[PDB]
$ cat run27.txt   # compact mmCIF, N, CA and C atoms and all ligand atoms
# COMPACT_ATOMS: atom_id res chain seq x y z
N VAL A 1 47.45 107.16 -72.64
CA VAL A 1 48.17 106.90 -73.91
C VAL A 1 48.38 105.40 -73.94
N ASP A 2 48.26 104.83 -75.12
CA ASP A 2 48.56 103.38 -75.31
C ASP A 2 49.91 103.22 -75.90
N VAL A 3 50.62 102.20 -75.47
CA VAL A 3 51.92 101.90 -76.04
C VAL A 3 51.92 100.42 -76.41
N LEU A 4 52.20 100.07 -77.65
CA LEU A 4 52.15 98.68 -78.03
C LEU A 4 53.43 97.95 -77.73
N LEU A 5 53.25 96.70 -77.33
CA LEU A 5 54.42 95.82 -77.10
C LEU A 5 54.60 94.91 -78.30
N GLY A 6 55.57 95.30 -79.11
CA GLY A 6 55.85 94.57 -80.38
C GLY A 6 55.10 95.23 -81.48
N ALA A 7 55.86 95.44 -82.54
CA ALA A 7 55.25 96.02 -83.73
C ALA A 7 54.47 94.98 -84.49
N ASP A 8 53.54 95.47 -85.29
CA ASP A 8 52.78 94.50 -86.09
C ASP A 8 53.65 93.65 -86.99
N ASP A 9 54.81 94.17 -87.40
CA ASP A 9 55.73 93.42 -88.27
C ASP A 9 56.70 92.50 -87.56
N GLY A 10 56.50 92.34 -86.25
CA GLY A 10 57.36 91.48 -85.45
C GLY A 10 58.53 92.16 -84.87
N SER A 11 58.66 93.45 -85.09
CA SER A 11 59.76 94.15 -84.51
C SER A 11 59.67 94.18 -83.00
N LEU A 12 60.79 94.00 -82.35
CA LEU A 12 60.87 94.11 -80.90
C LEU A 12 60.98 95.54 -80.51
N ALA A 13 59.87 96.21 -80.40
CA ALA A 13 59.92 97.60 -80.08
C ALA A 13 58.71 97.95 -79.26
N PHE A 14 58.85 98.92 -78.36
CA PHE A 14 57.67 99.64 -77.90
C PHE A 14 57.19 100.63 -78.94
N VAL A 15 55.85 100.81 -79.03
CA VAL A 15 55.33 101.66 -80.11
C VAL A 15 54.26 102.57 -79.48
N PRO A 16 54.56 103.86 -79.25
CA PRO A 16 55.79 104.57 -79.56
C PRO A 16 56.89 104.25 -78.55
N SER A 17 58.16 104.43 -78.95
CA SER A 17 59.28 104.14 -78.03
C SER A 17 59.72 105.42 -77.30
N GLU A 18 59.29 106.61 -77.70
CA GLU A 18 59.55 107.78 -76.88
C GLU A 18 58.33 108.64 -76.97
N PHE A 19 57.88 109.20 -75.85
CA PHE A 19 56.68 110.03 -75.92
C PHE A 19 56.63 110.83 -74.61
N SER A 20 55.81 111.86 -74.61
CA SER A 20 55.58 112.68 -73.42
C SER A 20 54.13 112.56 -72.96
N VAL A 21 53.88 112.68 -71.66
CA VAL A 21 52.54 112.54 -71.07
C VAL A 21 52.51 113.54 -69.87
N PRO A 22 51.36 114.13 -69.59
CA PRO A 22 51.26 114.94 -68.39
C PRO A 22 51.28 114.03 -67.20
N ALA A 23 51.80 114.55 -66.11
CA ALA A 23 51.89 113.79 -64.88
C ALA A 23 50.47 113.22 -64.67
N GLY A 24 50.40 111.96 -64.35
CA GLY A 24 49.15 111.36 -63.96
C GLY A 24 48.29 110.71 -65.03
N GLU A 25 48.67 110.95 -66.25
CA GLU A 25 48.02 110.28 -67.31
C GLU A 25 48.31 108.76 -67.23
N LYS A 26 47.26 107.98 -67.35
CA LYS A 26 47.46 106.52 -67.33
C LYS A 26 48.13 106.08 -68.65
N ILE A 27 49.23 105.34 -68.54
CA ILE A 27 49.90 104.77 -69.76
C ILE A 27 49.48 103.29 -69.77
N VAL A 28 48.94 102.88 -70.88
CA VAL A 28 48.45 101.52 -71.04
C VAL A 28 49.38 100.84 -72.03
N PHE A 29 50.26 99.99 -71.49
CA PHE A 29 51.06 99.12 -72.37
C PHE A 29 50.27 97.94 -72.81
N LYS A 30 50.14 97.77 -74.12
CA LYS A 30 49.21 96.82 -74.62
C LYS A 30 50.01 95.84 -75.39
N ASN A 31 49.89 94.57 -75.02
CA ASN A 31 50.60 93.50 -75.73
C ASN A 31 50.08 93.32 -77.13
N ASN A 32 51.04 93.37 -78.07
CA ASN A 32 50.62 93.41 -79.43
C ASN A 32 51.06 92.26 -80.27
N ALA A 33 52.34 92.04 -80.41
CA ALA A 33 52.82 90.99 -81.29
C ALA A 33 54.21 90.51 -80.91
N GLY A 34 54.56 89.29 -81.29
CA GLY A 34 55.87 88.77 -81.02
C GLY A 34 56.27 88.70 -79.56
N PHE A 35 55.34 88.42 -78.72
CA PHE A 35 55.57 88.25 -77.34
C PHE A 35 56.33 86.95 -77.18
N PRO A 36 56.92 86.71 -76.02
CA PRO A 36 56.52 87.38 -74.75
C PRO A 36 57.18 88.74 -74.63
N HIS A 37 56.45 89.62 -73.97
CA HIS A 37 57.00 90.93 -73.62
C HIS A 37 56.64 91.20 -72.19
N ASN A 38 57.42 92.09 -71.57
CA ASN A 38 56.86 92.73 -70.37
C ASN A 38 57.39 94.17 -70.28
N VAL A 39 57.17 94.81 -69.16
CA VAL A 39 57.46 96.25 -69.00
C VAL A 39 58.03 96.53 -67.66
N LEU A 40 59.29 96.97 -67.65
CA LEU A 40 59.88 97.42 -66.41
C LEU A 40 60.50 98.81 -66.60
N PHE A 41 60.69 99.53 -65.50
CA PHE A 41 61.40 100.79 -65.55
C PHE A 41 62.78 100.67 -65.01
N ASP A 42 63.76 101.37 -65.64
CA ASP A 42 65.15 101.26 -65.28
C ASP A 42 65.54 102.14 -64.13
N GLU A 43 65.91 101.45 -63.04
CA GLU A 43 66.22 102.17 -61.78
C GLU A 43 67.29 103.23 -61.94
N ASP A 44 68.11 103.08 -62.96
CA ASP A 44 69.19 104.04 -63.22
C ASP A 44 68.84 105.12 -64.23
N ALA A 45 67.58 105.20 -64.64
CA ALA A 45 67.19 106.15 -65.63
C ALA A 45 65.74 106.55 -65.39
N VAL A 46 65.41 106.95 -64.15
CA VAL A 46 64.15 107.55 -63.85
C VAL A 46 64.47 108.80 -62.98
N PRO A 47 63.44 109.65 -62.81
CA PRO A 47 63.69 110.84 -61.95
C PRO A 47 64.10 110.49 -60.54
N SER A 48 64.87 111.38 -59.88
CA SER A 48 65.20 111.11 -58.48
C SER A 48 63.94 111.04 -57.67
N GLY A 49 63.88 110.09 -56.76
CA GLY A 49 62.71 109.93 -55.94
C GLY A 49 61.75 108.85 -56.42
N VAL A 50 61.94 108.39 -57.65
CA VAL A 50 61.03 107.37 -58.15
C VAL A 50 61.47 105.98 -57.80
N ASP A 51 60.50 105.15 -57.34
CA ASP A 51 60.80 103.76 -57.02
C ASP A 51 60.25 102.86 -58.15
N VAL A 52 61.17 102.31 -58.96
CA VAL A 52 60.70 101.59 -60.15
C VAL A 52 59.93 100.34 -59.85
N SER A 53 60.12 99.79 -58.64
CA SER A 53 59.30 98.57 -58.32
C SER A 53 57.80 98.82 -58.28
N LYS A 54 57.35 100.06 -58.02
CA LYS A 54 55.92 100.36 -57.97
C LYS A 54 55.31 100.55 -59.31
N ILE A 55 56.15 100.65 -60.34
CA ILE A 55 55.63 101.01 -61.66
C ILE A 55 56.11 100.00 -62.68
N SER A 56 56.71 98.88 -62.27
CA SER A 56 57.12 97.87 -63.22
C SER A 56 56.41 96.53 -63.01
N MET A 57 56.35 95.73 -64.06
CA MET A 57 55.91 94.38 -63.84
C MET A 57 56.97 93.64 -63.10
N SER A 58 56.52 92.51 -62.51
CA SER A 58 57.53 91.59 -61.99
C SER A 58 58.28 91.01 -63.14
N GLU A 59 59.59 90.91 -63.03
CA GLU A 59 60.41 90.50 -64.16
C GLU A 59 60.05 89.16 -64.71
N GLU A 60 59.61 88.25 -63.84
CA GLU A 60 59.14 86.94 -64.25
C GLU A 60 57.75 86.84 -64.84
N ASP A 61 56.98 87.95 -64.84
CA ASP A 61 55.66 87.96 -65.41
C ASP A 61 55.78 88.42 -66.84
N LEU A 62 55.26 87.61 -67.75
CA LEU A 62 55.40 87.91 -69.14
C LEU A 62 54.01 87.95 -69.76
N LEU A 63 53.83 88.87 -70.69
CA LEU A 63 52.56 88.95 -71.39
C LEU A 63 52.72 88.10 -72.60
N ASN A 64 51.90 87.07 -72.67
CA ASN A 64 52.08 86.09 -73.77
C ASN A 64 50.91 86.09 -74.73
N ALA A 65 49.97 87.04 -74.67
CA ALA A 65 48.82 87.03 -75.53
C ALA A 65 48.45 88.42 -75.86
N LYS A 66 47.97 88.56 -77.08
CA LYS A 66 47.69 89.87 -77.59
C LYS A 66 46.53 90.42 -76.79
N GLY A 67 46.63 91.73 -76.48
CA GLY A 67 45.54 92.43 -75.76
C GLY A 67 45.60 92.49 -74.23
N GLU A 68 46.49 91.72 -73.62
CA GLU A 68 46.84 91.94 -72.27
C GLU A 68 47.41 93.31 -72.11
N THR A 69 47.23 93.89 -70.92
CA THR A 69 47.80 95.21 -70.68
C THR A 69 48.58 95.26 -69.38
N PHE A 70 49.43 96.28 -69.29
CA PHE A 70 50.05 96.64 -68.04
C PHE A 70 49.84 98.14 -68.00
N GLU A 71 49.23 98.63 -66.90
CA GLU A 71 48.81 100.05 -66.85
C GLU A 71 49.46 100.76 -65.70
N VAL A 72 49.99 101.97 -65.96
CA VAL A 72 50.63 102.75 -64.93
C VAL A 72 50.41 104.25 -65.18
N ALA A 73 50.35 104.98 -64.10
CA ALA A 73 50.30 106.45 -64.11
C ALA A 73 51.45 107.02 -63.38
N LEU A 74 52.23 107.87 -64.05
CA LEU A 74 53.46 108.35 -63.50
C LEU A 74 53.19 109.78 -63.08
N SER A 75 53.54 110.06 -61.84
CA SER A 75 53.23 111.36 -61.25
C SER A 75 54.43 112.28 -61.16
N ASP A 76 55.63 111.73 -60.96
CA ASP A 76 56.80 112.58 -60.82
C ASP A 76 57.31 113.03 -62.19
N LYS A 77 57.56 114.33 -62.34
CA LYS A 77 58.01 114.82 -63.64
C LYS A 77 59.44 114.43 -63.92
N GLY A 78 59.77 114.22 -65.20
CA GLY A 78 61.12 113.98 -65.71
C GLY A 78 61.09 112.83 -66.71
N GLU A 79 62.28 112.30 -66.97
CA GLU A 79 62.48 111.24 -67.94
C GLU A 79 62.48 109.85 -67.29
N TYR A 80 61.80 108.92 -67.91
CA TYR A 80 61.79 107.54 -67.46
C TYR A 80 62.13 106.59 -68.62
N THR A 81 63.06 105.70 -68.36
CA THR A 81 63.38 104.65 -69.33
C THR A 81 62.67 103.35 -68.92
N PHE A 82 61.93 102.79 -69.86
CA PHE A 82 61.32 101.51 -69.62
C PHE A 82 61.91 100.49 -70.61
N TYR A 83 61.77 99.21 -70.28
CA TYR A 83 62.32 98.17 -71.09
C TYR A 83 61.54 96.89 -70.94
N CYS A 84 61.69 96.05 -71.95
CA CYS A 84 61.14 94.70 -71.87
C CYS A 84 62.26 93.76 -71.46
N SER A 85 61.97 92.92 -70.49
CA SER A 85 63.04 92.07 -69.96
C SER A 85 63.56 91.07 -70.99
N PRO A 86 62.69 90.36 -71.70
CA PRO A 86 63.23 89.43 -72.71
C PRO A 86 64.02 90.13 -73.79
N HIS A 87 63.64 91.33 -74.11
CA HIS A 87 64.16 91.98 -75.29
C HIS A 87 65.00 93.21 -75.06
N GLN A 88 65.36 93.47 -73.83
CA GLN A 88 66.18 94.64 -73.49
C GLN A 88 67.50 94.62 -74.27
N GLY A 89 68.09 93.43 -74.40
CA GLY A 89 69.37 93.32 -75.13
C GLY A 89 69.23 93.40 -76.62
N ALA A 90 68.00 93.45 -77.12
CA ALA A 90 67.70 93.59 -78.52
C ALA A 90 67.19 94.98 -78.83
N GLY A 91 67.32 95.87 -77.87
CA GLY A 91 66.99 97.29 -78.04
C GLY A 91 65.54 97.67 -77.79
N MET A 92 64.76 96.75 -77.24
CA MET A 92 63.36 97.03 -76.88
C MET A 92 63.35 97.83 -75.57
N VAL A 93 63.52 99.15 -75.75
CA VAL A 93 63.52 100.06 -74.63
C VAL A 93 62.88 101.34 -75.09
N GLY A 94 62.47 102.11 -74.12
CA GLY A 94 61.83 103.37 -74.54
C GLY A 94 61.92 104.38 -73.43
N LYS A 95 61.50 105.57 -73.75
CA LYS A 95 61.63 106.73 -72.86
C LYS A 95 60.34 107.56 -72.84
N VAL A 96 59.80 107.79 -71.63
CA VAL A 96 58.62 108.65 -71.48
C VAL A 96 59.08 109.86 -70.66
N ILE A 97 58.62 111.00 -71.17
CA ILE A 97 58.83 112.29 -70.52
C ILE A 97 57.54 112.72 -69.88
N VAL A 98 57.56 112.80 -68.54
CA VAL A 98 56.35 113.13 -67.77
C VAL A 98 56.46 114.64 -67.44
N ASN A 99 55.46 115.38 -67.90
CA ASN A 99 55.52 116.84 -67.74
C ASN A 99 54.28 117.41 -67.12
CU CU B 1 59.66 92.35 -75.56
$ encode --input "run27.txt" --output "structure tokens"
Amino acid sequence: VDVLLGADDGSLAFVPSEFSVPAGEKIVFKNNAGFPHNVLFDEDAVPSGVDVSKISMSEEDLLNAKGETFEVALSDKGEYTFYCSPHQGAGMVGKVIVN
């Protein structure tokens, strides 16, 4: 599944911001517009047992050009909250349900 970073209209959003994927499906976060963006998972809002450092970008790494990607496959079932570091305080966050 592809998830865009930034809406075409400049909105600070993941697109889609909530979605479900079967365990193991590769999620491709694709830098779209109004960057910089990046993608991290929230240690306080993932399934028990998940280590968010293995599935997040480094906080200092920013995608600054359209078409860059960050790709991850989530294997543990449950809810995961991801966020963009620059824009987390502007509501650029989302939720994937791995089933
Ligand atoms: Cu962002």
$ residues_around --input "run27.txt" --residues "residue 19 of chain A" --least-positions-apart "6" --cutoff "10 Å" --atoms "only C-alpha atoms" --output "number ranges by chain"
A: 1, 3, 79, 94-98
$ write_last_selection --input "run27.txt" --atoms "N, CA and C atoms" --output "short mmCIF file (atom, residue, chain, number, x, y, z; two decimals), in the frame of the given file"
data_model
loop_
_atom_site.label_atom_id
_atom_site.label_comp_id
_atom_site.auth_asym_id
_atom_site.auth_seq_id
_atom_site.Cartn_x
_atom_site.Cartn_y
_atom_site.Cartn_z
N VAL A 1 47.45 107.16 -72.64
CA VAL A 1 48.17 106.90 -73.91
C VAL A 1 48.38 105.40 -73.94
N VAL A 3 50.62 102.20 -75.47
CA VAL A 3 51.92 101.90 -76.04
C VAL A 3 51.92 100.42 -76.41
N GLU A 79 62.28 112.30 -66.97
CA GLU A 79 62.48 111.24 -67.94
C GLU A 79 62.48 109.85 -67.29
N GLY A 94 62.47 102.11 -74.12
CA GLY A 94 61.83 103.37 -74.54
C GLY A 94 61.92 104.38 -73.43
N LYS A 95 61.50 105.57 -73.75
CA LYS A 95 61.63 106.73 -72.86
C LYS A 95 60.34 107.56 -72.84
N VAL A 96 59.80 107.79 -71.63
CA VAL A 96 58.62 108.65 -71.48
C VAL A 96 59.08 109.86 -70.66
N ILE A 97 58.62 111.00 -71.17
CA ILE A 97 58.83 112.29 -70.52
C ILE A 97 57.54 112.72 -69.88
N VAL A 98 57.56 112.80 -68.54
CA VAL A 98 56.35 113.13 -67.77
C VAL A 98 56.46 114.64 -67.44
#
$ residues_near_ligand --input "run27.txt" --ligand "ligand CU 1 (chain B)" --cutoff "7 Å" --atoms "only C-alpha atoms and all ligand atoms" --output "number ranges by chain"
A: 5-6, 12-13, 35-38, 84-87, 92
$ closest_residue --input "run27.txt" --among "A:27, A:15, A:46, A:39" --to "residue 58 of chain A" --atoms "only N, CA and C atoms"
A:39
$ atom_distance --input "run27.txt" --atom1 "atom C of residue 10 of chain A" --atom2 "atom C of residue 91 of chain A"
11.4 Å
$ residues_around --input "run27.txt" --residues "residue 82 of chain A" --least-positions-apart "3" --cutoff "6 Å" --atoms "only C-alpha atoms" --output "list in words"
residues 40, 41, 42, 93 and 94 of chain A
$ residues_around --input "run27.txt" --residues "residue 16 of chain A" --least-positions-apart "2" --cutoff "5 Å" --atoms "all atoms listed in the file" --output "ChimeraX atom specification"
/A:3-4,14,18
$ select_by_dssp --input "run27.txt" --residues "chain A" --states "helix (DSSP H, G or I)" --output "VMD selection string"
chain A and resid 52 to 54 88 to 90
$ closest_residue --input "run27.txt" --among "A:25, A:2, A:60, A:8" --to "residue 73 of chain A" --atoms "only N, CA and C atoms"
A:25
$ closest_residue --input "run27.txt" --among "A:7, A:55, A:72, A:21" --to "residue 99 of chain A" --atoms "only N, CA and C atoms"
A:21
$ residues_near_point --input "run27.txt" --point "(50.5, 90.1, -72.1)" --cutoff "8 Å" --atoms "all atoms listed in the file" --output "ChimeraX atom specification"
/A:29-32,35-38,61-70
$ atom_distance --input "run27.txt" --atom1 "atom N of residue 43 of chain A" --atom2 "atom CA of residue 11 of chain A"
23.5 Å
$ atom_distance --input "run27.txt" --atom1 "atom N of residue 75 of chain A" --atom2 "atom N of residue 59 of chain A"
20.1 Å
$ closest_residue --input "run27.txt" --among "A:57, A:74, A:50, A:45" --to "residue 23 of chain A" --atoms "only N, CA and C atoms"
A:74
$ closest_residue --input "run27.txt" --among "A:47, A:89, A:20, A:33" --to "residue 77 of chain A" --atoms "only N, CA and C atoms"
A:47
